[PDB]
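Visitor: Just so you know, the protein sequences line up as chains A and B, in that order.
Residue numbering for the first sequence follows my numbering, starting at 1 and increasing by one per position.
Residue numbering for the second sequence follows my numbering, starting at 1001 and increasing by one per position.
Number of protein chains: 2
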Amino acid sequence: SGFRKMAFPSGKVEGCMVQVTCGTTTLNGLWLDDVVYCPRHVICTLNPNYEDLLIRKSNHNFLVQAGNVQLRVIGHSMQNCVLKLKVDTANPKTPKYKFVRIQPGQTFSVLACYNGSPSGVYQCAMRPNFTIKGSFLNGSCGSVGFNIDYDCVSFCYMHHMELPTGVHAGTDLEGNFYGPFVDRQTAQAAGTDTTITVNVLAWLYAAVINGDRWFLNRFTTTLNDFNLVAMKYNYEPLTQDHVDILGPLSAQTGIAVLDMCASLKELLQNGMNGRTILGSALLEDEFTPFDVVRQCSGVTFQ
Amino acid sequence: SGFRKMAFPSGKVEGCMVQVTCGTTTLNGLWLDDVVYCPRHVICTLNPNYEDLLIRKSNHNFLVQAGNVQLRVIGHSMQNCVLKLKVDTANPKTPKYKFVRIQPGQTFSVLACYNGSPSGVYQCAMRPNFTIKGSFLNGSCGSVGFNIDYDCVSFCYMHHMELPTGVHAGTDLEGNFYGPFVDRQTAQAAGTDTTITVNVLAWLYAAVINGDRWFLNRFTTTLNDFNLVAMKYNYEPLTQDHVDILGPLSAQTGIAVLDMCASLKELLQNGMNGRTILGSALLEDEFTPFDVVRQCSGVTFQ
Ligand SMILES: *CCC(=O)N(CCC(N)=O)NC(=O)[C@H](CC1CCCCC1)NC(=O)[C@@H](NC(=O)OCc1ccccc1)[C@@H](C)OC(C)(C)C
Ligand SMILES: *CCC(=O)N(CCC(N)=O)NC(=O)[C@H](CC1CCCCC1)NC(=O)[C@@H](NC(=O)OCc1ccccc1)[C@@H](C)OC(C)(C)C
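1) Is the segment 191–204 of chain A touching the segment 232–248 of chain A, taking contact as three or more C-beta pairs under 8 Å?
2) Would the segment 1171–1189 of chain B and the segment 1125–1132 of chain B be scored as touching if the rule is three or more Cβ pairs under 8 Å?
3) Assign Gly1011 (chain B) to one of two classes, buried (16 or more other C-beta atoms within 10 Å of its C-beta) or exposed (fewer than that).
4) Are there three or more Cβ pairs, one per stretch, closer than 8 Å when the segment 1152–1159 of chain B is compared with the segment 1045–1059 of chain B?
5) DSSP three-state call for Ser1119 (chain B): helix, strand or coil?
6) Comparing C-alpha positions only, which one of A:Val35, A:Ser140 and A:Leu223 sits nearest to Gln240 (chain A)?
7) Should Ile43 (chain A) go down as buried or exposed, given a rule of 16 or more other Cβ atoms within 10 Å for buried?
8) Can you give me the C-alpha to C-alpha distance between residue 374 (chain A) and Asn273 (chain A), rounded to a whole angstrom?
9) What does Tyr1122 (chain B) touch in chain A if you count any residue whose Cβ is under 8 Å from its own?
10) Examine chain A for any beta-carbon lying closer than 8 Å to the beta-carbon of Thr1300 (chain B), and answer yes or no.
11) Given that a residue counts as buried once 16 or more other Cβ atoms are within 10 Å of its Cβ, and exposed if not, what is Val69 (chain A)?
12) So what does DSSP say about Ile1132 (chain B), is it helix, strand or coil?
13) Any idea if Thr1165 (chain B) is buried or exposed, counting beta-carbon neighbours within 10 angstroms, 16 or more meaning buried?
14) Drop a sphere of 10 angstroms on the beta-carbon of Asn138 (chain A), count the other beta-carbons inside from all chains shown, and report buried for 16 or more, exposed for fewer.
15) Taking the continuous beta strand (DSSP E) assigned at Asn28 (chain A), which residues delimit it?
16) Can you tell me whether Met1078 (chain B) is helix, strand or coil according to DSSP?
17) For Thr1300 (chain B) and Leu46 (chain A), I'd like the C-alpha separation in whole angstroms.
18) Please determine whether the Cβ atom of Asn49 (chain A) lies at a distance below 7 Å from any heavy atom of ligand 1.
19) So, is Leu173 (chain A) buried or exposed, given that buried needs 16 or more other C-beta atoms within 10 angstroms?
20) Would you tell me roughly how many angstroms separate the C-alpha atoms of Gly1211 (chain B) and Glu1236 (chain B), rounded to the nearest one?
21) How would you write the range of the alpha helix (DSSP H) that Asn1227 (chain B) sits in, first residue to last?
22) Taking 8 Å as the CB-CB cut-off, is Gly1170 (chain B) touching chain A?
23) With DSSP as the reference, label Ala1189 (chain B) as helix, strand or coil.
24) Measure the CB-CB distance between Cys296 (chain A) and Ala207 (chain A) and report whether it falls below 8 Å.
25) Taking the beta strand (DSSP E) that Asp149 (chain A) falls in, what are its first and last residues?
26) For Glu284 (chain A), count the other beta carbons within 10 Å of its own beta carbon; 16 or more makes it buried, fewer makes it exposed. Which is it?
27) Select from the segment 35–59 of chain A all residues with a C-beta closer than 8 Å to any C-beta belonging to chain B, and list them in chain order.
28) Would you decide whether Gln123 (chain A) is buried or exposed? Buried here means 16 or more other CB atoms lie within 10 Å of its CB.
29) Using the beta-carbon of each residue, which ones in chain A are nearer than 8 Å to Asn1210 (chain B)?
30) Okay, do the segment 10–27 of chain A and the segment 1016–1027 of chain B touch, 3+ Cβ pairs below 8 Å being the bar?
31) With a cut-off of 8 Å, do at least 3 Cβ pairs link the segment 96–114 of chain A to the segment 286–296 of chain A?
32) How many Å lie between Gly1116 (chain B) and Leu1030 (chain B) at the Cα?
33) Anyone know if the C-beta pair for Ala1169 (chain B) and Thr1221 (chain B) falls short of 8 Å?
34) What's the C-alpha gap between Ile1209 (chain B) and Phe1215 (chain B)?
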């Protein structure tokens, strides 16, 4: 028992981090086979034209350090907002991997890195407004976010920038930003966020699995009537697809999904009355149904 | 900016996990050089006498799997509550490492493991009552907890057992339990816990570093008067040593330690009034002063 903000084991990703330096700019890169992926604003020189900035660069302008070893850059290309530096050596620690673009509400592990060296690992969710509430300092750009499926690393996030509210914006590993953000230092802001309803419900099921039941009640609700209360509290709408995903958790605990919705409704309307759930005094929304199953059941990775 | 429950990168420890099987019992072991460390109750056959159970075992009774490779056991010895299995092969992925016994209030990363395969990583603190609030299922015993200092892994915890309240008990890597617990399935219970005061104060300094100030006030307090209020709310006493440790954080923010104590006092006496600090509606006590400095300043590991 117990329930924790669990990250994936990070070793497979640690073996891929490197330092990219060009001009006076240094940041992190991701070394998979003979390519290094990094944010394109590593390149020299408000509102830049990156195609024009890149044609002016030479391969030897790029200093790539992998540990105590310099890698030689033999080609480069820009894809959206990431640079791909082709190097003369394939990374021998390259795991099995995929690049995936996730939906809002999905969670992932972040390996925070400075100068190509890993600093720490933590669990994040992609918010409905396409920011992440990360922990990132200057020099962290190029750190990646990932999931691990059995033996395969699915990279889903590369960090680029921090917004005025202290939240973070970045891209998938093919360089497409999540949300409306652009990689310029022009004024931009997050957009209003909402609570990830299907995740809050998954976390309530985790609480039941772990012996917490105090928040349950005898009522039920319709999907429609639930969504009417959800709207009022800035929760995103629950769909029939969300209901179906919560299926396994509902069957394991014997609590109908709409019955758990009735419990969430009463918690929204009444507060928690000075009581906690899984060690929290807030309704937690950064665990997916998959996260709960994986941790309350014990899936590993080879 | 941002502040997260950050674990250490786990790769150096992942390379040391193995599976130990003897009889019908399988659990995790830690492979450093040519020794495998695991909990001694791996051995065959309420109230066991382990010296007597161990003399009856043979080296070939122990099946140690490291990936797809069986390691051969060529000796064994018991040290307190851990077994040490000498194997014929030194682990080539052995990091630089130390074994350390930590004090209550100290934090560490836990690499949860099943059948020798890592499942997830999370951050823990040793509670004042010498339990940890982990996330552990059947088969997790032998998973380890650790800190990383630059290049060196300091192992401080090996998991053994779960207590009726859902918290966890275990040993240092030389087999000495934290707290009064014994490795038998006789009735045992945690003992009343207290809040780690110096950690709550460190976390309030983290909130200030990240732009939260709403909980500060104009008052001050004496150490003695503070401790009188702390007692009433089940907080452990703050000592002059705690005050000195909070030194660097106090100087970086310009808030005197006893001034921050006055703020904590007012938060204890008044509640948080429906407001949050660093995304929490509770006073968080599982970040040390070191944790805060490391994350708000960006220390890495090579
Ligand atoms: C790559 C360097 C890096 O580590 N990093 C991550 C910073 C953190 N803490 O996560 N990224 C940056 O520092 C980027 C670098 C620029 C280079 C040019 C191309 C875009 C990225 N800058 C910022 O993160 C920057 N944000 C920003 O400019 O947002 C747009 C904006 C501008 C002006 C007013 C309002 C919004 C940060 C450093 O600026 C603050 C918002 C002031 C923190
Ligand atoms: C090594 C197997 C393992 O994974 N593991 C971790 C369990 C979790 N979830 O963390 N450890 C155990 O399962 C141990 C195995 C025994 C073998 C004999 C020597 C001691 C350890 N058992 C327990 O964790 C057990 N606790 C326990 O017996 O506490 C003492 C006690 C007994 C009776 C009444 C009250 C306290 C668990 C499995 O028992 C529960 C407390 C019922 C959960």
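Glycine included, C-beta positions come from ideal geometry on N, C-alpha and C.
Guide: Let me lay it out:
1) Flag = yes, the segment 191–204 of chain A and the segment 232–248 of chain A touch.
2) The segment 1171–1189 of chain B makes contact with the segment 1125–1132 of chain B: 3 or more CB pairs, one atom from each, lie closer than 8 Å.
3) Around the Cβ of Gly1011 (chain B), a 10 Å sphere holds 16 or more other Cβ atoms; the residue is buried.
4) Contact between the segment 1152–1159 of chain B and the segment 1045–1059 of chain B is absent, with fewer than three C-beta pairs closer than 8 Å.
5) Of the three classes helix, strand and coil, the one that applies to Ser1119 (chain B) here is strand, per DSSP.
6) Ranking the options by Cα distance to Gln240 (chain A), first place goes to A:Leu223.
7) It is buried - the Cβ of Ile43 (chain A) has at least 16 other Cβ atoms within 10 Å.
8) Any property of residue 374 (chain A) remains undetermined from this structure, which presents chain A solely from 1 to 302.
9) Going along chain A in sequence order, the residues near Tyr1122 (chain B) (Cβ under 8 Å) are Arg4, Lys5, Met6 and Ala7.
10) Output row for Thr1300 (chain B): interface = yes.
11) Only exposed fits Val69 (chain A), as fewer than 16 other CB atoms lie within 10 angstroms of its CB.
12) In the three-state scheme derived from DSSP, where H, G and I count as helix and E and B as strand, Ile1132 (chain B) is classed as strand.
13) An exposed status is given to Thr1165 (chain B), since fewer than 16 other beta-carbon atoms sit within 10 Å of its beta-carbon.
14) With a threshold of 16 other beta carbon atoms within 10 Å, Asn138 (chain A) falls short and is exposed.
15) Element bounds for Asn28 (chain A): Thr25 to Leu32.
16) Looking at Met1078 (chain B) - three-state DSSP - the assignment turns out to be strand.
17) One C-alpha to the other measures close to 30 Å.
18) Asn49 (chain A) Cβ: outside cutoff for every heavy atom of ligand 1.
19) Taking all protein chains in view, the Cβ of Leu173 (chain A) is crowded by 16 or more other Cβ atoms within 10 Å, so the residue is classified as buried.
20) Each residue's Cα considered, the two are about 27 Å apart.
21) Per DSSP, the unbroken alpha helix (DSSP H) holding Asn1227 (chain B) starts and ends at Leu1223 to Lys1232.
22) For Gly1170 (chain B), no CB of chain A lies under 8 Å from its own CB, so it is not counted at the interface with that chain.
23) Of the three classes helix, strand and coil, the one that applies to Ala1189 (chain B) here is coil, per DSSP.
24) Not in contact: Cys296 (chain A) and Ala207 (chain A) (Cβ atoms no closer than 8 Å).
25) Start and end: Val144 to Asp149.
26) By the Cβ neighbour-count rule, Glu284 (chain A) is buried, with 16 or more other Cβ atoms within 10 Å of its own.
27) For the segment 35–59 of chain A, which is checked against every Cβ of chain B, not one residue is closer than 8 Å.
28) Counting the other CB atoms within 10 Å of its CB gives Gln123 (chain A) a total of 16 or more, which places it among the buried residues.
29) Residues of chain A passing the Cβ test: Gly166.
30) Verdict: no, contact absent.
31) With a cut-off of 8 Å, the segment 286–296 of chain A and the segment 96–114 of chain A count as touching, because enough Cβ pairs lie within range.
32) The straight-line gap from Cα to Cα measures roughly 9 Å.
33) The answer is no: Cβ separation not under 8 Å.
34) One C-alpha to the other measures close to 13 Å.
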